[PDB]
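*Asks:* Once you've seen the sequence and the experimental structure below, I've got questions.
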Amino acid sequence: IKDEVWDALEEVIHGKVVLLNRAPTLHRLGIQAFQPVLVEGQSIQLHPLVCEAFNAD
Amino acid sequence: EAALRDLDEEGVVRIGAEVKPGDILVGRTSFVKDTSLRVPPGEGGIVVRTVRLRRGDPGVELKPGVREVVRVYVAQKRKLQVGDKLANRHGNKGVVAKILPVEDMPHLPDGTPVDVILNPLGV
Amino acid sequence: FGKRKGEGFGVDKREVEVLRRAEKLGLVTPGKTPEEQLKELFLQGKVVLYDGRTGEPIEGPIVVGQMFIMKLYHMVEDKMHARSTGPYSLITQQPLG
Amino acid sequence: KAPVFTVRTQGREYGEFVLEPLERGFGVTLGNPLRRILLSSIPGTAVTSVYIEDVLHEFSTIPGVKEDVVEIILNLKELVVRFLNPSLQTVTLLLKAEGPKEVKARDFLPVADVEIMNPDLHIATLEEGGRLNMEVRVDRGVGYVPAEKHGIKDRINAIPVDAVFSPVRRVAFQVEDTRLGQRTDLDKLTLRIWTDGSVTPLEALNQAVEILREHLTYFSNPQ
Amino acid sequence: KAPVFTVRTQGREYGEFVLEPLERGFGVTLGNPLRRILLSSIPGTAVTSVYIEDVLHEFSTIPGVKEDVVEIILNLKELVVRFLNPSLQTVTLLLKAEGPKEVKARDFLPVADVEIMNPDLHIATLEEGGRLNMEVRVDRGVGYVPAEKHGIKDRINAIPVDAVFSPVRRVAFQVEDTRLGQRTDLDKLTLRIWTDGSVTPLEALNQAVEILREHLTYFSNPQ
Amino acid sequence: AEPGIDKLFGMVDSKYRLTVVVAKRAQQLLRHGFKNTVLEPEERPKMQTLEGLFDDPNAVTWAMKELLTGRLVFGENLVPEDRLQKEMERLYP
Amino acid sequence: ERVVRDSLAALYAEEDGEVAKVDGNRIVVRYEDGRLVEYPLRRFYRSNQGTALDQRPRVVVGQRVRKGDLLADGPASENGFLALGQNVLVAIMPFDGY
Amino acid sequence: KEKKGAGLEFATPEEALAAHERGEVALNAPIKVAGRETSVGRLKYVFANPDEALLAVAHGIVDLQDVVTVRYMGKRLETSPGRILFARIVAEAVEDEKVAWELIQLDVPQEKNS
RNA sequence: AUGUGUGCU
Ligand SMILES: [Mg+2]
């Protein structure tokens, strides 16, 4: 995995979105669509405000 | 042969080798196609011990049909990374969110910085 | 504090600001010398802290101290999934392997 | 009204610096940004990888040795090895000994233009007949470099060590006042620097200054 | 590597400057000192104190002139002048008008090397028989100094006016995250600047960088 | 947020109408060459490495930014089923 | 201190005496009764859960130990105390959104 | 709101403007004090521009919670720099400055409900 | 491939 591949990987998404699913899915707002940002680390980073939606801490 | 560069023993991988997700741990074939044992998508690490229970086994069970078993102890040392679960004795669970470098961390008037920052809203 | 007062250093301007705000807060007692104000704060487990990424002291003293924290048995590498397309099964076409 | 600069370098590990006077809050405007660069950047020297006589992996033991391999290596991080010239990029120190004796870090075989500022450092206690024959490779880098990144294979069974490059150990600044009887509200900066010895606090300070300056130049040509 | 500096300016007051990519941490390391410098170092001018004819206190009301004294005093702070030569350190603007005319900042009789960078600033609306004969002081301070800290008593019963020297109206910055193929934790400096028109944002930034450099040259002659 | 979605939702009778419109638009915009766009000279979507979004990164972004202008018209029945499919493949590569 | 001993975590002394050989694999003890009983010091034994159990020596060669005193530490002990984590200087405060 | 210090009135006292003010400069009554109707922080510090009030804050003369006098869209407002900063935040958040001051409320603190 | 058990959510 060199720089070329990563830059390409940014060019393969742009406006594309992914679906993020909670552990117990309860109501409609239990699965949201976010635009992926290539972040380091190994854990999924999730926005603060959409937590109380699908009840995530 | 590059994938066999770690395969030391006649069938068994060397001890102290570095195995990575997809690296060859054991070599064996069946009816000739390769049906060997490779390292899962997770992670290998560094081999510490290789136990092999053969046929001429001085008093063992061994599963029926099986002639010999090859067990590999692959160890690895893991540091605290963003996402790990930390807690205390008083009962505050909490996963690691960010590892700020020493410079941008709240520090005393003394040259000494802080190690961990815990939200008061959890109290 | 004795270390600093002795070594040739005194009450930092930032410390003084934080104390001034702490008076209005209600922690320190109005009247004492900055050293004694800092004493009163230190007694309450609280101590002047600097933002670190700015130098600006956090306006309002915060309780600091060493506590016992344990890394629990969970990790993240133990639980990481990301496959797009791979093996399936001969008996059931639902993807796993 | 021209800023005066005072130096109080006690030895080679500790260093203190004074700047007085500064106009209005310009102490914090200089104190912090340097502390950032002193802790962040600055070229350091640490141990990158090590090869032991019969040890294969990091998770082993050695006859005659109280400390297991991981613990021994863990001590090598607390070692300081000061070079002399920039040319020295990869000094492979050597060490071998036996007999009941605490192997201090003062036992490493000396090299041309290289000095170990940290002699007393405990490596491993040797037992009756205990003997260690090891090659400790030392590289020059900057900042924190996890061993799980470089993995420098000096020998073949050499085990990589977390590279902690940062001669500056601690930094703190204080903002006092006085001087110039006209305007009262003035600043007096006092920057205290503690370094591991491989780089004297003055050298570190100057390097940091150069860094910041170079970064200031960047605002030149707009687009 | 080398960070590029991109400008998005909107006239003479507002500019947005983006320097990227930055080494980790250097975002705030560079952005924060400048912010302090900008809001307190840039040499501008302001109205330090004003004398009016039939006005004794700061909280008065002069019949014939609709706007309360304090309201006028605010507008006095809202104007920005500029001195052509460095010689001018303290200058006094003169003003005189009567009747259903109104006074704008251009009515102040131009004194020598004094430019008014903002003429149509409303000073005061006057009624029938509304007499208004005032005078205003202008110093070359640096930043913000509350009225009850100086209160230059130019005349006998003049009024202290809060001196809003600092040409920049406000300066805000943020450090976003940017990637470079390998790493994504690279700091990205975005610095927005709001001025009064005395000087364009880019010029002010130039000022900031210079001021910082000159300070970095102070750590050169140890004692 | 997205490219002026409030204009888009109001633009149609049902919210799903917009989704189908955008989708199909993207589809034909990708299947019959990315040239059959209705705003390619200067007012067009672009990207960050080069300005090369001018060709073919995303399909939907285009559809949404297009509908924003009175260049396209949706509706139930407008053109015969087969004929549309034919001529839309004829006029373009 | 009671937890580590009762849980058979670490290894203690059985009878008074001096220290013979502190290896990373053994600790030989000088019982007054003309006996030196062999002690293993096991370094990397896989726990049932996945963690690693290591016994590391805590006395130096040429020291007199007592009956019931520790000679080595368990996987979670520090000089005889239940070591189940770290002591870190914590500042309790909100920090950005992190 | 701190200790009354000395004297609590200005509901109408014509003298109290120029007088009580100096009181705070003496030592009598603190800045954000319920000195009735107003407070020395309102008389002493009147900021022309809404922006300038916030510039003063960065010079440690008035905190974002001290009640002062500002001037948003051309009128005297009895409020704290922090509150006008909240107003400004909402304003520049949605680009519409007019409804931004209309939608919010600048008379009470901001909670869950607000 | 199903049951038992525990862990976390
Ligand atoms: Mg939960």
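*Replies:* Happy to help now that I have it. Numbering: from 1, shown residues only, chains lettered A, B, ... in the order given.
*Asks:* Could you use CA atoms for every contact and neighbour count after this?
*Replies:* Noted.
*Asks:* Can you give me the distance of the residue nearest the centre of chain G to residue E:113?
*Replies:* Note on chain G: the residue nearest the mean C-alpha position is residue G:73, at 0.8 Å, using Cα atoms, centre = their mean. Note on residue G:73: its distance to residue E:113, by Cα to Cα, to the nearest Å, is 84 Å.
*Asks:* Could you count how many residues lie near the nearest residue to residue C:87 once chain neighbours are set aside?
*Replies:* Leaving aside its chain neighbours, residue C:87 sits nearest to residue C:97 (5.5 Å; criterion: Cα to Cα, 6 or more residues apart in numbering or on different chains). Neighbourhood size, residue C:97 [other Cα atoms under 10 Å in any protein chain shown]: 7.
*Asks:* which SS state does residue C:97 fall under?
*Replies:* coil (DSSP: H, G, I helix; E, B strand; the rest coil).
*Asks:* Please give me every residue in contact with it.
*Replies:* Residues near residue C:97 by Cα atoms under 8 Å, 6 or more residues apart in numbering or on different chains: C:86-89.
*Asks:* interface residues of chain C facing chain D?
*Replies:* Residues of chain C lying close to chain D (Cα under 8 Å from any Cα of the partner chain) are C:9-14, C:52-56.
*Asks:* As a check, name the ranges of all helices in the chain.
*Replies:* By default, I'm working from chain A. Using DSSP state H, the helices found in chain A span residues A:3-11.
*Asks:* meant chain G, my bad for not saying
*Replies:* Along chain G, counting by DSSP H, helices occupy G:2-6.
*Asks:* Give me the contact list for stretch C:83-90.
*Replies:* Stretch C:83-90 is contacted by residues C:94-97 when judged by Cα under 8 Å, 6+ apart.
*Asks:* if we can go back for a sec, could you measure from the residue nearest to residue C:87 over to chain E?
*Replies:* 30 Å (Cα to the nearest Cα, to the nearest Å).
*Asks:* if I look at the residue nearest the centre of chain F, how far off is residue F:38?
*Replies:* Ranked by distance to the mean C-alpha position of chain F (Cα atoms, centre = their mean), the top residue is residue F:63 at 2.9 Å. According to Cα to Cα, residue F:63 stands 10 Å off from residue F:38.
*Asks:* Find the closest residue to chain C in chain H.
*Replies:* Closest to chain C within chain H is residue H:2: 7.6 Å, counting by Cα to the nearest Cα.
*Asks:* who touches the spatially closest residue to that residue that is not a sequence neighbour in this structure?
*Replies:* Once flanking residues are discounted, residue H:2 sits nearest to residue H:33: 5.5 Å by Cα to Cα, 6+ apart. Applying Cα under 8 Å, 6+ apart to residue H:33 gives the contacts H:1-4, H:39-40.
*Asks:* tell me the SS of residue H:33?
*Replies:* Recorded secondary structure, residue H:33: coil (three-state DSSP).
*Asks:* ok so, going back, give me the buried entries from the contacts of residue C:97.
*Replies:* When neighbours are counted using 16 or more other Cα atoms under 10 Å in any protein chain shown, these contain no buried positions.
*Asks:* can you put these in CSV and add secondary structure?
*Replies:* Output for these, formatted as CSV (three-state DSSP):
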residue, secondary structure
C:86, coil
C:87, coil
C:88, coil
C:89, coil
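*Asks:* re earlier: just curious, which of the contacts of residue H:33 is nearest to residue E:120?
*Replies:* Residue E:120 lies nearest to residue H:40 out of those, by Cα to Cα, at 32.4 Å.
*Asks:* what's the spacing between the closest one and chain G?
*Replies:* Taking Cα to the nearest Cα, one finds residue H:40 at 33 Å from chain G.
*Asks:* again, but for residue F:33
*Replies:* 45 Å.
*Asks:* which residue is nearest the centroid of chain B?
*Replies:* Note: chain B centre (Cα atoms, centre = their mean) maps to residue B:76, 4.4 Å.
*Asks:* Without its sequence neighbours, what residue ends up closest to it?
*Replies:* Nearest one to residue B:76, counting by Cα to Cα, 6+ apart, is residue B:45 at 4.9 Å.
*Asks:* so what's that neighbour bridging to?
*Replies:* residue B:19 (DSSP bridges).
*Asks:* for chain D, what's the longest strand?
*Replies:* strand D:131-145 (DSSP state E).
*Asks:* and the closest residue to residue H:5 other than its chain neighbours, which of the three is it?
*Replies:* Among residues not flanking residue H:5 along the chain, residue H:29 sits closest, at 4.2 Å (Cα to Cα, 6+ apart). Under the three-state scheme (three-state DSSP), residue H:29 adopts coil.
*Asks:* For residue H:29, list the residues it contacts.
*Replies:* H:3-7, H:23, H:35.
*Asks:* Touching stretch F:81-93 from outside, list them.
*Replies:* With Cα under 8 Å, 6+ apart as the test, stretch F:81-93 has contacts from F:32-33, F:35-36.
*Asks:* buried set for stretch D:211-223?
*Replies:* Neighbour counts over stretch D:211-223 (16+ other Cα under 10 Å) mark D:211-213, D:215-216, D:218-219 as buried.
*Asks:* How about stretch D:73-80?
*Replies:* Using 16+ other Cα under 10 Å as the burial criterion, the residues of stretch D:73-80 that qualify are D:73, D:76-77, D:79-80.
*Asks:* repeat for stretch D:4-24
*Replies:* Applying 16+ other Cα under 10 Å to stretch D:4-24 flags D:4-5, D:7, D:9, D:12-24 as buried.
*Asks:* sorry, back to before: now do the residue nearest to residue B:76 against residue D:59, distance only.
*Replies:* On the measure of Cα to Cα, residue B:45 and residue D:59 end up 11 Å apart.
*Asks:* any shared contact partners between the two?
*Replies:* By Cα under 8 Å, 6+ apart, residue B:45 and residue D:59 have no common neighbours.
*Asks:* Could you report the neighbour count for residue F:76?
*Replies:* Neighbour number of residue F:76 under other Cα under 10 Å is 6.
*Asks:* Can you name the residue of chain F nearest chain E?
*Replies:* The minimum distance from chain F to chain E, using Cα to the nearest Cα, falls at residue F:49 (11.2 Å).
*Asks:* That residue should be in a helix, yeah?
*Replies:* No. If the criterion is three-state DSSP, then residue F:49 is coil and not within a helix.
*Asks:* contacting residues for it?
*Replies:* Residues near residue F:49 by Cα under 8 Å, 6+ apart: residue A:7.
*Asks:* And for stretch C:29-40, what's in contact with it?
*Replies:* By Cα under 8 Å, 6+ apart, the residues outside stretch C:29-40 that reach it are C:11, C:16, C:19, C:23, C:27-28, C:47.
*Asks:* one more time with 6 Å
*Replies:* residue C:28 (Cα atoms under 6 Å, 6 or more residues apart in numbering or on different chains).
*Asks:* shouldn't residue G:24 be in contact with residue D:60?
*Replies:* No. Using Cα atoms under 6 Å, residue G:24 makes no contact with residue D:60, being 9.5 Å away.
*Asks:* distance of the closest residue to residue H:81 other than its chain neighbours from residue C:43?
*Replies:* Counting by Cα to Cα, 6+ apart, residue H:81 lies nearest to residue H:64, which is 4.9 Å off, once chain neighbours are set aside. Counting by Cα to Cα, the gap from residue H:64 to residue C:43 is 28 Å.
*Asks:* what about stretch D:139-153, near chain E?
*Replies:* No. Shown here: stretch D:139-153 not in contact with chain E (Cα under 6 Å from any Cα of the partner chain), separated by at least 10.6 Å.
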